[PDB]
Amino acid sequence: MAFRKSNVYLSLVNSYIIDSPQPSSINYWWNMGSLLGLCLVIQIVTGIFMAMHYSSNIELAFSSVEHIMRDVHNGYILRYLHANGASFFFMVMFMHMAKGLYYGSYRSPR
Amino acid sequence: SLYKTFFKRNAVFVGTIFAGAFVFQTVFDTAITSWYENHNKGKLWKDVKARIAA
Amino acid sequence: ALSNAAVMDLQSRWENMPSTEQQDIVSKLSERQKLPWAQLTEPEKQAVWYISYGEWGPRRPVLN
Amino acid sequence: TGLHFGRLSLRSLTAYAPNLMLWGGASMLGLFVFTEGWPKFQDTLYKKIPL
Amino acid sequence: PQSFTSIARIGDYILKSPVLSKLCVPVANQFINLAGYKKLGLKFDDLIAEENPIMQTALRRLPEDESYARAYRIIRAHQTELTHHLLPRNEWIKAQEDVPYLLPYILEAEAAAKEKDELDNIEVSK
Amino acid sequence: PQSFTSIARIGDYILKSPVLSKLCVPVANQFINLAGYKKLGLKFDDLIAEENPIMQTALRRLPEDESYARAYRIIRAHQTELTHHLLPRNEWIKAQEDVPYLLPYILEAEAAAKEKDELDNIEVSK
Amino acid sequence: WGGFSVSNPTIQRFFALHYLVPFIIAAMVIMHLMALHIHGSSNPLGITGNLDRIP
Amino acid sequence: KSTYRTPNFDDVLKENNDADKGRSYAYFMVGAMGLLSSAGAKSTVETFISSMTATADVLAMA
Amino acid sequence: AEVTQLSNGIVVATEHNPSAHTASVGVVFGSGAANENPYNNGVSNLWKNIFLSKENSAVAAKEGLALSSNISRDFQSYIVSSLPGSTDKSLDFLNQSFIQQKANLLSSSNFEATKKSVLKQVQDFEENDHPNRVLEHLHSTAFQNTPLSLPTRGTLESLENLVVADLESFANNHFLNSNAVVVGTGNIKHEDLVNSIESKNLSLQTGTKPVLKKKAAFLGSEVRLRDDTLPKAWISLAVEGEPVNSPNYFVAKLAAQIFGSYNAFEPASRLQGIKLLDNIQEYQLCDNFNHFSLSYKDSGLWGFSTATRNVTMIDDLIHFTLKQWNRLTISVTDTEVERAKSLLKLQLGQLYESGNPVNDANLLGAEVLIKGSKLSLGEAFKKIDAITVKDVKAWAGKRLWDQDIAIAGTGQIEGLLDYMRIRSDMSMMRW
Ligand code: HEM
Ligand code: HEM
Ligand SMILES: COc1c(O)c(C)c(C/C=C(\C)CC/C=C(\C)CC/C=C(/C)CC/C=C(\C)CC/C=C(\C)CCC=C(C)C)c(O)c1OC
Ligand SMILES: CCCCCCCCCCCCCCC(=O)OCCCOP(=O)(O)OC[C@@H](O)COP(=O)(O)OCCCOC(C)=O
Ligand SMILES: CCCCCCCCCCCCCCC(=O)O[C@H](COC(=O)CCCCCCCCCCCC)COP(=O)(O)O
Ligand SMILES: CCCCCCCCCCCCCC(=O)O[C@H](COC(=O)CCCCCCCCCCC)COP(=O)(O)O
């Protein structure tokens, strides 16, 4: 058989993103699950690269968010991609909990 | 043909995607900077630096 | 008489019909017109109007 | 009547040695895209006649 | 989760009464074509969800000639809704062709699982 | 990953030489009882690792009567090792029952896959 | 270093990196039990264990 | 209607295939999407990697 | 071994063999199933079965003459085989009951008793012969809306509209003296045949068969005749091949001889030299596959037809096959060509040089109609001995690297993935 099916790791990739049979009639509301997967990586990657400059004491909390926005190269990008991207997390997710509430995706067997 | 040179081998398809994104990187950056400064002539620092002529 | 499998759907079949056969059918139809009418069958009656007054060659529109 | 082999054939290696050199060029062209703006690599990257 | 024996107990009470049949059957007809499963080319008994084991049973007792057509009107609906279009007005399911063909295969599978649980809790009076 | 065709080439050169057979065959059987697989009741061809298709092949061509004994000396060794004991001295495999019973089935199924790779790689002259 | 010697940019990034990597190890151990489960554990004799298995 | 009479795709089909021209146009718009997903992906991994370099204040005290 | 041609207004071909003990004599027409509209389709199949009808074959059996016939895409055929001492008794039958009188075969009794006997054979073909009703549905969707897509047997919906008018109107348009080849194979000299047409007359018609308005043009498509109540899954997949009298004719036959044919149940067809068989035998993805290179007058086909009980791993059969077609473009070895040279010279050494003369008369008339003369076997062996590895690579990169495909399937082809996951298997993305 093919190597995408014969491997122990790639068959998890194969059975989920390559060969997974999706119904051929799903509209664009079925992309909000794939956006939340992308929007989670945006928060996590712009959390690690932002928490390398963040001190968490009560004296240096607000003074080291401004150290990100003024002193780090492209620091205004990271703080704004991640404070607004967190507010885009909850807007995609509110449209993801309302697709499933509309199209009956809560019912059995799900 | 054109297909037989560029799009046939994938080794030279992505060779001229990267060689077309290397030229696009330096050209589109210059052609945006040269527009964005020209849209704001009279307001940037090197216009104030020349207008301090004493 | 004239068979059904030669004048069945003479709308999509008049063009891309070979030209020797294309005027063979108008030769058989011109002998069925030397009869009292309303004895021609309807695939033979609506397919002589398409030959004389259809939309092909002449009477083709200026734009497709 | 025997070929050299180690589950890859020498006759099937010289059929890719054109396209293995074209893939080395398509990676060096991919290295130059991602590693410009590196000021150390711009000693041999604005030696080009424009840009 | 509404158990078609209970629908048809309510539903046959409406149609039997002369007053309520004059009243809310014309509301029911206007509700049907406003839903517009006919425009996708479906009957109603394609719409019923087939994941409970009662409805999973009644799709095996169906004859072959009706389970081949039902398995086609579903694929014409997954193809029509994919193009974001409707079916042409000749291909719409008319009023007379919308009959409950799968209703009697459900009411004999529902009453056969109601009797299985009325008999699994029987208390024999000595 | 040594390929028994190879060690039967080095082995049968040692056995045929009169100088080396006097010299390193007394070291060979001293290596065997120091290894101590007989004391668990195993012949040596029980130990050959059976997870490659040249040896999984030669475990199907084994006769039924020897593939039932081999399936007993393995469980008698799994049971003796988890009690952390040894088999008693009247159950050890002696020096004469330690026969290469899986060597001819391997050597004929290993030289019949060397031949398959000398036939996907023939350069026939014109 | 984030600078010219081991300084405040370094220890601050050696903590936020050190918090992270045990959530890469804990997702590489799941990639380590998956490669084990397809063939099972070995056993100290080096023979097959498919005969006498216990749960 | 038999299964050998394929239905009309004439309002979807091209009027002239020329299979080295319809394929040198599909791989153009695919290649243009890969050309801006390389300028757009250098300029994303440059944002995160240069952010770990020396900050503006620690450059000032050199 | 030599074949000659003449012309008198009608071409006379003869492949004389002075060893065999029969003598086939027949006419081979230049029309087939590619010379009829989809509304009279099957009139070529209905003309064969009133030639082989009961009354016409009872008179032919009285002199010791057996009638054969063949209806193909490009050519028809009507052969009357007999003993070597009856080279004129079969011409006198073929002139009597095929050419001169047609009011005996086309009577109202013999036509209705034959229209119900083809309709029987077509209905028992459409539901009981699966590895060949896919190959009709491969032609019916590779070349759709074009003369090379019509089935040779005729559709069942068009075959019950035919009356004796459409049988005679096809005769006057295509059974002509400019369209025919009077062919004769077996134990007949050439000079006996041409003197036995001049001592008779044997004239058919005037000429000028109707010329087609649309040529054959490949269109990459698919068709899925899925049927879950069938125990297998038959699949035919093909690209556009080389037509006959192409310079790459024998390269396209050698390209399908590389991947050859396979039958999983034979113990000797499992030890072949194809490199595809190593990936296909580990889980037994198929039961059989044959690679074909069909070649018609205007176009052709090239691909493979298969059958499979392992209906869950179809998408690994199609993937592992198509990743071996890509080896033709990039890395085909010389031994894979030197093997398929020697098998192709045996493949078409058994086709043109078998024992049967009524098969050689089908392949002589179908060649001098198109090419004008039959290419001999000793010279067509020098065209296979001069094919290099570079000529297969130059052919494969033109004809099947990243080209469109035509798929046709039936049975349980749920497991068959859709088009763009098969069409994208033609290019390897690492070459
Ligand atoms: C689901 C994932 C996450 C969500 C929804 C989220 C959300 C948020 C929000 C709403 C803020 C406040 C932004 C503001 O008001 O400025 C914030 C700040 C922050 N988050 Fe996250 N976060 C996520 C993941 C992470 C991760 C994985 C990290 C660290 C590795 C992280 C580290 C930080 C840091 C350091 C701040 C600093 C304060 C700032 O500059 O905004 N976050 N996050
Ligand atoms: C966080 C670190 C690790 C965890 C949680 C882990 C977990 C496990 C577990 C639970 C087993 C099954 C129990 C056993 O077979 O002993 C196992 C087996 C094994 N591990 Fe680890 N492991 C770790 C590190 C390693 C490392 C560093 C190596 C080698 C470089 C390794 C190699 C193996 C091997 C070869 C086996 C199979 C042994 C056998 O089944 O015979 N593991 N691991
Ligand atoms: C059902 O079919 C599917 C489907 O199967 C899947 C998978 C998805 C996609 C959904 C997902 C992929 C969601 C899953 C998300 C996660 C598992 C989140 C994991 C994300 C991470 C970023 C993991 C964390 C790892 C890191 C942060 C490593 C990066 C390293 C850093 C930042 C340190 C850098 C330091 C140096 C020195 C380089 C679908 O959208 C979908 O529907 C179409
Ligand atoms: C003695 C110690 C006691 C302590 C107890 C604490 C630990 C308890 C054990 C919890 C489970 C540990 C192992 C988890 C694991 O490895 O599974 C991850 C999925 C592996 O799936 P699979 O079984 O390999 O595939 C077999 C399949 O049938 C199931 O595969 P599927 O479920 O689809 O995979 C999901 C992966 C998703 O990945 C992606 C990319 O989405
Ligand atoms: C992980 C968190 C979820 C992220 C959601 C992203 C879901 C979509 C992923 C898109 C990957 C596209 C690869 C497809 C592919 O390779 O097909 C390849 C070729 O396709 C292409 O060439 C596409 C050009 C490259 C597109 C670059 C997109 C990068 C943008 C990244 C944005 C998301 C991080 C095979 O396609 P084929 O089988 O039809 O031949
Ligand atoms: C890793 C998650 C990142 C997701 C970012 C999505 C939100 C878009 C805002 C992007 C701002 C950061 C980029 C930037 O500042 O560059 C700016 C240019 O804008 C872009 O190129 C955005 C294109 C993004 C395409 C993403 C392709 C997929 C990449 C996958 C990761 C390898 C500035 O560029 P410069 O530093 O001047 O070279």
# chains A, B, ... in the order shown; residues from 1 in each chain; ligands from 1
call {"tool": "residues_near_ligand", "arguments": {"ligand": "ligand 2", "cutoff": "12 Å", "atoms": "only C-alpha atoms and all ligand atoms", "output": "list in words"}}
result
residues 21, 22, 23, 24, 25, 26, 27, 28, 29, 30, 31, 32, 33, 34, 35, 36, 37, 38, 39, 40, 41, 42, 43, 44, 45, 46, 47, 48 and 49 of chain G
call {"tool": "write_last_selection", "arguments": {"atoms": "N, CA and C atoms", "output": "PDB file, in the first residue's frame"}}
result
ATOM      1  N   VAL G  21       9.145  23.636  25.878  1.00  0.00           N
ATOM      2  CA  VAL G  21       9.670  22.343  25.420  1.00  0.00           C
ATOM      3  C   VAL G  21       9.123  21.122  26.171  1.00  0.00           C
ATOM      4  N   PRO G  22       8.792  21.160  27.471  1.00  0.00           N
ATOM      5  CA  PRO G  22       8.052  20.027  28.044  1.00  0.00           C
ATOM      6  C   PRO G  22       6.631  19.858  27.543  1.00  0.00           C
ATOM      7  N   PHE G  23       6.095  20.765  26.742  1.00  0.00           N
ATOM      8  CA  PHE G  23       4.880  20.476  26.010  1.00  0.00           C
ATOM      9  C   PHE G  23       5.172  20.083  24.577  1.00  0.00           C
ATOM     10  N   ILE G  24       6.445  19.972  24.219  1.00  0.00           N
ATOM     11  CA  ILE G  24       6.862  19.284  23.012  1.00  0.00           C
ATOM     12  C   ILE G  24       7.285  17.857  23.324  1.00  0.00           C
ATOM     13  N   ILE G  25       7.927  17.656  24.477  1.00  0.00           N
ATOM     14  CA  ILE G  25       8.245  16.311  24.942  1.00  0.00           C
ATOM     15  C   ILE G  25       6.973  15.533  25.236  1.00  0.00           C
ATOM     16  N   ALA G  26       5.996  16.178  25.870  1.00  0.00           N
ATOM     17  CA  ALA G  26       4.741  15.506  26.173  1.00  0.00           C
ATOM     18  C   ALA G  26       3.880  15.269  24.944  1.00  0.00           C
ATOM     19  N   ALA G  27       4.218  15.856  23.803  1.00  0.00           N
ATOM     20  CA  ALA G  27       3.591  15.507  22.542  1.00  0.00           C
ATOM     21  C   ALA G  27       4.510  14.697  21.655  1.00  0.00           C
ATOM     22  N   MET G  28       5.754  14.487  22.066  1.00  0.00           N
ATOM     23  CA  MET G  28       6.620  13.531  21.403  1.00  0.00           C
ATOM     24  C   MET G  28       6.585  12.173  22.071  1.00  0.00           C
ATOM     25  N   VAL G  29       6.163  12.119  23.331  1.00  0.00           N
ATOM     26  CA  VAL G  29       5.945  10.841  23.983  1.00  0.00           C
ATOM     27  C   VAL G  29       4.701  10.172  23.420  1.00  0.00           C
ATOM     28  N   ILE G  30       3.680  10.952  23.070  1.00  0.00           N
ATOM     29  CA  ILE G  30       2.533  10.383  22.376  1.00  0.00           C
ATOM     30  C   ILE G  30       2.926   9.921  20.982  1.00  0.00           C
ATOM     31  N   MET G  31       3.893  10.579  20.359  1.00  0.00           N
ATOM     32  CA  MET G  31       4.463  10.049  19.130  1.00  0.00           C
ATOM     33  C   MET G  31       5.468   8.938  19.384  1.00  0.00           C
ATOM     34  N   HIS G  32       5.747   8.621  20.640  1.00  0.00           N
ATOM     35  CA  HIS G  32       6.639   7.536  21.010  1.00  0.00           C
ATOM     36  C   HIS G  32       5.895   6.303  21.474  1.00  0.00           C
ATOM     37  N   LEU G  33       4.700   6.459  22.027  1.00  0.00           N
ATOM     38  CA  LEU G  33       3.880   5.299  22.317  1.00  0.00           C
ATOM     39  C   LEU G  33       3.156   4.790  21.086  1.00  0.00           C
ATOM     40  N   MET G  34       3.021   5.617  20.055  1.00  0.00           N
ATOM     41  CA  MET G  34       2.345   5.170  18.849  1.00  0.00           C
ATOM     42  C   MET G  34       3.241   4.260  18.031  1.00  0.00           C
ATOM     43  N   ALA G  35       4.536   4.551  17.990  1.00  0.00           N
ATOM     44  CA  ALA G  35       5.470   3.704  17.267  1.00  0.00           C
ATOM     45  C   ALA G  35       5.764   2.415  18.003  1.00  0.00           C
ATOM     46  N   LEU G  36       5.474   2.371  19.295  1.00  0.00           N
ATOM     47  CA  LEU G  36       5.654   1.163  20.081  1.00  0.00           C
ATOM     48  C   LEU G  36       4.464   0.235  19.934  1.00  0.00           C
ATOM     49  N   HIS G  37       3.263   0.801  19.884  1.00  0.00           N
ATOM     50  CA  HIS G  37       2.034   0.030  19.926  1.00  0.00           C
ATOM     51  C   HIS G  37       1.765  -0.752  18.654  1.00  0.00           C
ATOM     52  N   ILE G  38       2.455  -0.460  17.558  1.00  0.00           N
ATOM     53  CA  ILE G  38       2.172  -1.211  16.346  1.00  0.00           C
ATOM     54  C   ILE G  38       2.880  -2.553  16.357  1.00  0.00           C
ATOM     55  N   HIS G  39       3.979  -2.683  17.085  1.00  0.00           N
ATOM     56  CA  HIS G  39       4.707  -3.934  17.132  1.00  0.00           C
ATOM     57  C   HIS G  39       4.851  -4.499  18.527  1.00  0.00           C
ATOM     58  N   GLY G  40       4.420  -3.780  19.551  1.00  0.00           N
ATOM     59  CA  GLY G  40       4.500  -4.266  20.909  1.00  0.00           C
ATOM     60  C   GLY G  40       5.901  -4.182  21.475  1.00  0.00           C
ATOM     61  N   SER G  41       5.981  -4.410  22.777  1.00  0.00           N
ATOM     62  CA  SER G  41       7.261  -4.397  23.452  1.00  0.00           C
ATOM     63  C   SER G  41       8.069  -5.624  23.066  1.00  0.00           C
ATOM     64  N   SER G  42       9.382  -5.504  23.178  1.00  0.00           N
ATOM     65  CA  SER G  42      10.244  -6.665  23.040  1.00  0.00           C
ATOM     66  C   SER G  42      10.270  -7.402  24.375  1.00  0.00           C
ATOM     67  N   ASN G  43      11.121  -8.411  24.495  1.00  0.00           N
ATOM     68  CA  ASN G  43      11.181  -9.196  25.713  1.00  0.00           C
ATOM     69  C   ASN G  43      12.603  -9.710  25.835  1.00  0.00           C
ATOM     70  N   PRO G  44      13.097  -9.978  27.050  1.00  0.00           N
ATOM     71  CA  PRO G  44      14.538 -10.186  27.231  1.00  0.00           C
ATOM     72  C   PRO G  44      15.114 -11.452  26.632  1.00  0.00           C
ATOM     73  N   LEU G  45      14.341 -12.281  25.945  1.00  0.00           N
ATOM     74  CA  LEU G  45      14.930 -13.413  25.253  1.00  0.00           C
ATOM     75  C   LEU G  45      15.248 -13.101  23.803  1.00  0.00           C
ATOM     76  N   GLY G  46      14.565 -12.131  23.212  1.00  0.00           N
ATOM     77  CA  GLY G  46      14.781 -11.837  21.816  1.00  0.00           C
ATOM     78  C   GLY G  46      14.078 -12.771  20.870  1.00  0.00           C
ATOM     79  N   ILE G  47      13.074 -13.495  21.345  1.00  0.00           N
ATOM     80  CA  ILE G  47      12.268 -14.367  20.506  1.00  0.00           C
ATOM     81  C   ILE G  47      10.905 -13.716  20.428  1.00  0.00           C
ATOM     82  N   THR G  48       9.993 -14.296  19.658  1.00  0.00           N
ATOM     83  CA  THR G  48       8.677 -13.696  19.519  1.00  0.00           C
ATOM     84  C   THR G  48       7.879 -13.823  20.806  1.00  0.00           C
ATOM     85  N   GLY G  49       7.116 -12.778  21.105  1.00  0.00           N
ATOM     86  CA  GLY G  49       6.239 -12.787  22.249  1.00  0.00           C
ATOM     87  C   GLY G  49       4.782 -12.949  21.903  1.00  0.00           C
TER      88      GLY G  49
END
call {"tool": "residues_near_ligand", "arguments": {"ligand": "ligand 3", "cutoff": "9 Å", "atoms": "only C-alpha atoms and all ligand atoms", "output": "JSON, numbers by chain"}}
result
{"A": [12, 13, 14, 15, 16, 17, 18, 20, 22, 30, 31, 32, 33, 34, 35, 36, 37, 38, 40, 41, 42, 43, 44, 45, 46, 47, 48, 49], "G": [17, 20, 21, 23, 24], "H": [48, 49, 52]}
call {"tool": "interface_residues", "arguments": {"of": "chain I", "to": "chain B", "cutoff": "7 Å", "atoms": "only C-alpha atoms", "output": "short mmCIF file (atom, residue, chain, number, x, y, z; two decimals) with N, CA, C and O atoms, in the first residue's frame"}}
result
data_model
loop_
_atom_site.label_atom_id
_atom_site.label_comp_id
_atom_site.auth_asym_id
_atom_site.auth_seq_id
_atom_site.Cartn_x
_atom_site.Cartn_y
_atom_site.Cartn_z
N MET I 429 5.57 15.28 -9.21
CA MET I 429 5.84 16.38 -8.29
C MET I 429 7.22 16.32 -7.62
O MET I 429 7.51 17.10 -6.71
N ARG I 430 8.07 15.41 -8.05
CA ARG I 430 9.45 15.38 -7.61
C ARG I 430 10.39 15.30 -8.79
O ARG I 430 11.61 15.31 -8.60
N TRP I 431 9.86 15.20 -10.00
CA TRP I 431 10.67 15.27 -11.19
C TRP I 431 10.65 16.69 -11.70
O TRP I 431 9.58 17.26 -11.89
#
call {"tool": "interface_residues", "arguments": {"of": "chain F", "to": "chain G", "cutoff": "9 Å", "atoms": "only C-alpha atoms", "output": "number ranges by chain"}}
result
F: 46-51, 71, 74-75, 77-79, 81
call {"tool": "write_last_selection", "arguments": {"atoms": "N, CA and C atoms", "output": "JSON list (two decimals), in the first residue's frame"}}
result
[["chain", "number", "residue", "atom", "x", "y", "z"],
["F", 46, "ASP", "N", 15.53, -21.29, 17.52],
["F", 46, "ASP", "CA", 14.45, -20.57, 18.17],
["F", 46, "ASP", "C", 14.82, -19.11, 18.37],
["F", 47, "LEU", "N", 16.12, -18.81, 18.44],
["F", 47, "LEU", "CA", 16.59, -17.49, 18.81],
["F", 47, "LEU", "C", 16.65, -16.53, 17.64],
["F", 48, "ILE", "N", 16.70, -17.03, 16.41],
["F", 48, "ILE", "CA", 16.84, -16.21, 15.22],
["F", 48, "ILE", "C", 15.63, -15.31, 15.08],
["F", 49, "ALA", "N", 15.86, -14.01, 14.95],
["F", 49, "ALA", "CA", 14.78, -13.03, 15.03],
["F", 49, "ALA", "C", 13.84, -13.13, 13.84],
["F", 50, "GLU", "N", 12.56, -13.31, 14.12],
["F", 50, "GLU", "CA", 11.57, -13.77, 13.15],
["F", 50, "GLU", "C", 10.67, -12.64, 12.67],
["F", 51, "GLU", "N", 11.23, -11.46, 12.44],
["F", 51, "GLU", "CA", 10.42, -10.32, 12.02],
["F", 51, "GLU", "C", 10.87, -9.74, 10.68],
["F", 71, "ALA", "N", 6.81, -24.09, 18.95],
["F", 71, "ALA", "CA", 5.87, -23.27, 19.70],
["F", 71, "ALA", "C", 5.71, -23.71, 21.14],
["F", 74, "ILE", "N", 9.38, -22.22, 23.09],
["F", 74, "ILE", "CA", 9.33, -20.78, 23.31],
["F", 74, "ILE", "C", 8.51, -20.46, 24.55],
["F", 75, "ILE", "N", 7.34, -21.08, 24.70],
["F", 75, "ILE", "CA", 6.53, -20.82, 25.89],
["F", 75, "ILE", "C", 7.14, -21.47, 27.12],
["F", 77, "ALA", "N", 10.27, -21.37, 27.58],
["F", 77, "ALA", "CA", 11.30, -20.41, 27.94],
["F", 77, "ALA", "C", 10.74, -19.09, 28.41],
["F", 78, "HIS", "N", 9.56, -18.69, 27.96],
["F", 78, "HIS", "CA", 8.92, -17.51, 28.54],
["F", 78, "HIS", "C", 8.45, -17.80, 29.95],
["F", 79, "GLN", "N", 8.06, -19.03, 30.23],
["F", 79, "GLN", "CA", 7.59, -19.37, 31.56],
["F", 79, "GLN", "C", 8.75, -19.57, 32.52],
["F", 81, "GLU", "N", 11.67, -18.04, 32.31],
["F", 81, "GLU", "CA", 12.35, -16.78, 32.58],
["F", 81, "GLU", "C", 11.54, -15.90, 33.52]]
call {"tool": "residues_around", "arguments": {"residues": "region 24-30 of chain H", "least_positions_apart": "3", "cutoff": "8 Å", "atoms": "only C-alpha atoms", "output": "MDAnalysis selection string"}}
result
(chainID B and resid 2:3 7) or (chainID H and resid 20:21 33:34)
call {"tool": "write_last_selection", "arguments": {"atoms": "N, CA, C and O atoms", "output": "PDB file, in the first residue's frame"}}
result
ATOM      1  N   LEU B   2       6.340  26.151 -24.384  1.00  0.00           N
ATOM      2  CA  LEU B   2       6.534  26.819 -23.107  1.00  0.00           C
ATOM      3  C   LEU B   2       6.349  25.864 -21.946  1.00  0.00           C
ATOM      4  O   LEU B   2       7.037  25.992 -20.929  1.00  0.00           O
ATOM      5  N   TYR B   3       5.438  24.902 -22.091  1.00  0.00           N
ATOM      6  CA  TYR B   3       5.219  23.910 -21.051  1.00  0.00           C
ATOM      7  C   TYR B   3       6.435  23.018 -20.881  1.00  0.00           C
ATOM      8  O   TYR B   3       6.778  22.643 -19.758  1.00  0.00           O
ATOM      9  N   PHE B   7       6.963  24.460 -17.022  1.00  0.00           N
ATOM     10  CA  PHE B   7       6.024  23.749 -16.174  1.00  0.00           C
ATOM     11  C   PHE B   7       6.133  22.237 -16.266  1.00  0.00           C
ATOM     12  O   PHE B   7       5.301  21.546 -15.681  1.00  0.00           O
TER      13      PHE B   7
ATOM     14  N   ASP H  20      -1.529  22.043 -24.302  1.00  0.00           N
ATOM     15  CA  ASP H  20      -0.338  22.694 -23.779  1.00  0.00           C
ATOM     16  C   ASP H  20      -0.548  24.171 -23.514  1.00  0.00           C
ATOM     17  O   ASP H  20       0.363  24.834 -23.019  1.00  0.00           O
ATOM     18  N   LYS H  21      -1.718  24.701 -23.842  1.00  0.00           N
ATOM     19  CA  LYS H  21      -2.079  26.085 -23.577  1.00  0.00           C
ATOM     20  C   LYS H  21      -3.053  26.216 -22.424  1.00  0.00           C
ATOM     21  O   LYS H  21      -2.919  27.120 -21.604  1.00  0.00           O
ATOM     22  N   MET H  33       0.142  32.022  -7.194  1.00  0.00           N
ATOM     23  CA  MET H  33      -0.249  31.895  -5.797  1.00  0.00           C
ATOM     24  C   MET H  33       0.898  31.371  -4.953  1.00  0.00           C
ATOM     25  O   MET H  33       0.973  31.664  -3.759  1.00  0.00           O
ATOM     26  N   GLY H  34       1.800  30.596  -5.551  1.00  0.00           N
ATOM     27  CA  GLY H  34       2.981  30.178  -4.829  1.00  0.00           C
ATOM     28  C   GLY H  34       4.069  31.219  -4.786  1.00  0.00           C
ATOM     29  O   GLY H  34       4.979  31.114  -3.962  1.00  0.00           O
TER      30      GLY H  34
END
call {"tool": "residues_around", "arguments": {"residues": "region 369-379 of chain I", "least_positions_apart": "6", "cutoff": "9 Å", "atoms": "only C-alpha atoms", "output": "ChimeraX atom specification"}}
result
/I:1-5,11,13,28-30,75,179-181,244-245,297,348-349,352-353,363
call {"tool": "select_by_dssp", "arguments": {"residues": "region 174-384 of chain I", "states": "alpha helix (DSSP H)", "output": "NGL selection string"}}
result
:I and (174 or 190-198 or 249-259 or 277-280 or 314-330 or 334-347 or 357-368 or 377-380)
call {"tool": "interface_residues", "arguments": {"of": "chain I", "to": "chain A", "cutoff": "12 Å", "atoms": "only C-alpha atoms", "output": "PyMOL selection string"}}
result
chain I and resi 278-285+312-321+323+414-418+421
call {"tool": "residues_near_ligand", "arguments": {"ligand": "ligand 1", "cutoff": "9 Å", "atoms": "only C-alpha atoms and all ligand atoms", "output": "MDAnalysis selection string"}}
result
(chainID A and resid 39:56 61:62 64:66 68:69 78:80 82:90) or (chainID G and resid 16:17 19:20)
call {"tool": "write_last_selection", "arguments": {"atoms": "C-alpha atoms", "output": "compact mmCIF listing (two decimals), in the first residue's frame"}}
result
# COMPACT_ATOMS: atom_id res chain seq x y z
CA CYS A 39 -6.30 31.22 14.72
CA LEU A 40 -5.03 29.02 17.56
CA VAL A 41 -1.55 28.79 16.04
CA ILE A 42 -1.56 32.58 15.62
CA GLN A 43 -2.16 33.10 19.34
CA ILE A 44 0.36 30.46 20.38
CA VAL A 45 3.21 31.53 18.09
CA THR A 46 2.61 35.19 18.90
CA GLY A 47 2.55 34.24 22.54
CA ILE A 48 5.93 32.54 22.71
CA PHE A 49 7.70 35.29 20.77
CA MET A 50 5.99 37.89 22.95
CA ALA A 51 6.63 36.19 26.30
CA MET A 52 10.37 36.30 25.68
CA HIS A 53 10.16 40.01 26.54
CA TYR A 54 7.44 40.04 29.20
CA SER A 55 8.15 40.28 32.92
CA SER A 56 5.18 39.37 35.04
CA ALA A 61 3.84 44.23 33.78
CA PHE A 62 2.55 47.32 32.03
CA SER A 64 7.12 45.63 29.70
CA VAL A 65 4.16 45.57 27.37
CA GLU A 66 5.28 49.04 26.31
CA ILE A 68 7.44 45.27 23.45
CA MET A 69 5.66 48.01 21.52
CA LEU A 78 3.28 40.87 17.66
CA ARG A 79 1.30 42.73 20.31
CA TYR A 80 -1.36 43.81 17.81
CA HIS A 82 -2.27 38.81 19.22
CA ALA A 83 -4.49 41.27 21.04
CA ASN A 84 -6.72 41.59 17.97
CA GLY A 85 -6.30 37.98 16.90
CA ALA A 86 -7.64 36.92 20.28
CA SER A 87 -10.67 39.05 19.51
CA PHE A 88 -10.91 37.30 16.15
CA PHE A 89 -10.75 33.95 17.91
CA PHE A 90 -14.03 34.66 19.66
CA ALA G 16 9.75 31.23 27.99
CA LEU G 17 11.53 28.59 25.94
CA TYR G 19 8.33 26.53 29.82
CA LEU G 20 7.52 25.42 26.25
call {"tool": "residues_near_ligand", "arguments": {"ligand": "ligand 6", "cutoff": "7 Å", "atoms": "only C-alpha atoms and all ligand atoms", "output": "MDAnalysis selection string"}}
result
(chainID A and resid 41:42 45 77 81) or (chainID H and resid 37 39:47)
call {"tool": "atom_distance", "arguments": {"atom1": "CA of residue 310 (chain I)", "atom2": "CA of residue 230 (chain I)"}}
result
12.6 Å
